[PDB]
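If you read the sequences in order, they're chains C and B.
So the first sequence is residues 401 to 443, 449, counted in PDB author numbering.
For the second sequence, PDB author numbering begins at 948 and goes up steadily by one.
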Amino acid sequence: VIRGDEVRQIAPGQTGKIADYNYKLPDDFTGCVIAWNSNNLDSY
Amino acid sequence: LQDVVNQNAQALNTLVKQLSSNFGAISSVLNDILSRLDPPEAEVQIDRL
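Have a look at this one:
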């Protein structure tokens, strides 16, 4: 689960709290990224 | 005989002076461009050089 703010950091060569401390992607990644809003299910 | 020496020296001088050329990179110093660009763009800059 991530928040829409900085949700786009999940991608090669990005910077930020998530991409630098939580989940980091390699430069030569191959595969697909999927996201969707989960307000009705998830909303500390 | 002097021309062979002159031509060889001139070719080497040109070859060395070719390290001062940008070729379109932000800078011609590999360490300078590496020290301030993140990897996925420094790769592109180094490739031209």
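No residue lacks a Cβ here, since even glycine has one placed at the ideal position from N, Cα and C.
How would you list, in chain order, the residues of chain C whose beta-carbon sits under 8 Å from the beta-carbon of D985/B?
-> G413, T415
Could you pull the start and end residues of the alpha helix (DSSP H) that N439/C belongs to?
-> 439-442
My understanding is that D427/C touches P987/B, with C-beta atoms under 8 Å, so please give their C-beta distance in whole angstroms.
-> 5 Å
Going along the chain, which residues of its own chain have a beta-carbon closer than 8 Å to the beta-carbon of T415/C, five neighbours each way excluded?
-> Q409
Which same chain residues, not among the five before or five after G971/B, have their C-beta less than 6 Å away from its C-beta?
-> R995
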